[PDB]
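# Summary of the model geometry
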Amino acid sequence: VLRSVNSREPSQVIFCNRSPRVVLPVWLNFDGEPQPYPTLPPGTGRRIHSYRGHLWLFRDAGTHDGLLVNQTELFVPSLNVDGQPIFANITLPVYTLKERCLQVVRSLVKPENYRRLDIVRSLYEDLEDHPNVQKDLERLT
Amino acid sequence: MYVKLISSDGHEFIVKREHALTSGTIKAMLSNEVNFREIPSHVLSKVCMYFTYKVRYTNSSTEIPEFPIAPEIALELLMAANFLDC
Amino acid sequence: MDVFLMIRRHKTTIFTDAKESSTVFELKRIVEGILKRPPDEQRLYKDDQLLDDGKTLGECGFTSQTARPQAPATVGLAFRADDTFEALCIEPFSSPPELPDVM
Ligand SMILES: CC(=O)N[C@H](C(=O)N[C@H](C(=O)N1C[C@H](O)C[C@H]1C(=O)NCc1ccc(-c2scnc2C)cc1)C(C)(C)C)C(C)(C)C
């Protein structure tokens, strides 16, 4: 379902990373497979060539935490009006306090040690169940 | 309209009612003071800052900064967020 | 511009926002609504400095870029019991435990 359409109509885009994270742009190909693209360091922009009807999403490159693009999950290049590139503004979402805590804990504890933390079993499963594009594709579908 | 949230060590945090309703757990405990026997002040102060942060940056246009969490409080804060469902 | 504040006395902490251009006295009116003590029975402090009623929060160093939602600036509060002002006293928050080995 979630796939790019093969339009062949060019569309220039600025990927603008207004987050403090290293960003991984991910293009959903014509079969719906995620294809990773070169990363963007914090605060940087790239002018890129994509196409109308192509689908992109954006993640933290290190952790795969979800990012927003123009305030939504998915970005589709649109028609360039008067030769201007489309801006894709990549931002942090307001994470829930729980997800933000899980992020910090995962950044400090090696996965083989999650079981050594003194927490309810359900929080072990929440640490192990880390963010992943495939699962978000299943959810968005 | 403010509510009072009280830590396990007796610190009393006064926050706007609508900010506190960020937590469905807190909503149930009200529906206007709440005592938390398992949440200490160094954790509950951070939860209150989260409420302010969430309400300020939800449905906003201006760039969103990272919500900061010291490594020392992350575990307790994780347990509190799980209980409070925020 | 909004500044985000923690107004603190003993074991009491109020989370509130105000304008950079609002005054110290106006902040006392906010405390009065919450703790039911009039402005003349209140002293507000930045660290150990007593704040003057007519000054703006911005003039007193509470700016929108330092007094942020996720890291609010602290204003100390002292009450006048009857005749004399109590000394500024802010109970610290509890101490976090030692980092476990795995962290
Ligand atoms: C093959 C097909 O059916 N259609 C072609 C097409 O869609 N080609 C794709 C294509 O050129 N794409 C897919 C996405 O729309 C983006 C574009 C692409 O790969 N552009 C080059 C590019 C290089 C680096 C970047 C990035 S991302 C972060 N940094 C950089 C430098 C972005 C884009 C590939 C299949 C070659 C990957 C077309 C005939 C339209 C040229």
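The rules behind each value
Residues numbered from 1 in each chain as written, not as in the entry; some residues may be left out. Chains lettered and ligands numbered in written order. Heavy atoms only, no water. Residues with missing side-chain atoms left out of burial classes, pairs and counts. Helix = DSSP H or I, 4+ residues; strand = E, 2+ residues; numbered from the N terminus. Contact = heavy atoms within 4.5 Å. Core = buried A, V, L, I, M, F, W, Y, C linked by side-chain atoms within 4.5 Å. Buried < 20%, exposed > 50% of the residue type's maximum accessible area, 1.4 Å probe, protein only. Domains from an automatic or database assignment. Salt bridge = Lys/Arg side-chain N within 4 Å of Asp/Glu carboxyl O. Polar contact = N/O pair within 3.5 Å; in protein donor to acceptor, adjacent residues only side chain to side chain. Near = heavy atom within 4 Å. Areas by Shrake-Rupley, 256 points an atom, 1.4 Å probe, with all protein chains shown as cover. Nonpolar A, V, L, I, M, F, W, Y, C, P; charged D, E, K, R; others polar. Pairing = 2+ DSSP bridges. Axes fitted to C-alpha atoms, helices over the stretch in contact; angles between N-to-C directions.

In the PDB archive, X-ray crystallography is given as the structure determination method for this entry, at a resolution of 2.2000 Å.

Once that is clear, we can look at the overall build of chain A. Along its length, chain A carries three helices and seven strands. Starting at the N terminus and walking to the C terminus, you meet the elements of chain A as β-β-β-β-β-β-β-α-α-α. A separation of at least 24 residues holds for 65% of the contacts in chain A among residues at least 6 apart in sequence.

Core analysis: the biggest nonpolar cluster contains 60 residues, and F15(A), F58(A), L97(A) and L5(B) have the highest contact counts within it. Viewed by domain, this core spans two of them, domain 1 (2-91) and domain 2 (92-141) of chain A, each represented by three or more residues. Sequence-distant contacts of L97(A), defined by excluding residues within four places in its chain, comprise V47(B), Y50(B), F67(B), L77(B), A81(B) and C86(B). Grouped together as the second largest cluster of nonpolar side chains are 20 residues, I14(B), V3(C), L27(C) and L57(C) included.

Turning our attention to the interface of chain C and chain B. Chain C puts 26 residues into the contact, and the matching count from chain B is 27 residues. For the pair chain C and chain B, the number of links is one salt bridge. Linking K16(B) and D17(C) is a salt bridge whose minimum nitrogen-to-oxygen distance equals 3.3 Å. Linking chain C with chain B are nine residue pairs in polar contact. Put simply, the parts of the chain that give the side of chain C that touches chain B at least two residues each are strand 1 (2-9), strand 2 (12-19) and helix 1 (24-35) of chain C.

In this section: the environment of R3(A). Residues and elements named next belong to chain A. The residue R3 is located in the segment before strand 1 (10-17) in this model. Note: C-alpha distance between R3 and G53 (50 residues apart in sequence) is 9.1 Å. Apart from residues lying up to four places away in sequence, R3 is in contact with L28, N29, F30, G32 and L55. Here the side chain of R3 touches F30 through a polar contact of 3.5 Å, landing on its backbone oxygen.

Moving on to the site of the ligand. Residues and elements named next belong to chain A. Contacts to the ligand come from 14 residues, most closely from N6, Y37, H49, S50 and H54. Here an oxygen atom of the ligand and a side-chain polar atom of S50 are 2.7 Å apart. Bound to the protein, the ligand loses 65% of the 820 Å² it would expose on its own. Put simply, the parts of the chain that give the shell around the ligand at least two residues each are strand 2 (23-28) and strand 4 (45-51). In terms of residues, the shell around the ligand owes the most to one element, strand 4, which gives four residues. Class assignment for the residues of the shell around the ligand results in nine nonpolar, four polar and one charged.

Turning to unusual backbone geometry, a few remarks are in order. One non-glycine residue, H64(A), adopts positive backbone phi at about 70°. Relative to the helices and strands, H64(A) is located in the loop between strand 5 (55-60) and strand 6 (68-69). Using a relative accessible area of 29% as the deciding quantity, one classes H64(A) as partly exposed. Despite not being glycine, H10(C) shows a phi value in the positive range, around 55°. Examined against the element boundaries, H10(C) turns out to sit in the loop between strand 1 and strand 2. Of the residues examined, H10(C) reaches a relative accessible area of 29% and is grouped as partly exposed.

Residue and element names in this part refer to chain A. Pairing is antiparallel across the open sheet formed by three strands, whose spatial order is 3-2-5. The sheet terminates laterally at strand 3 (34-36) and strand 5, the two strands that pair on one side only. Each strand axis lies, on average, 35° off the axis of its neighbour in the sheet, ignoring direction. For strand 2 and strand 3, the ladder comprises three bridges, and the chain directions are antiparallel. Pairing of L28 across the sheet is with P34, part of strand 3. Against the sheet, helix 3 (residues 133-140) touches strand 2, strand 3 and strand 5, its axis set at about 130° to strand 5.

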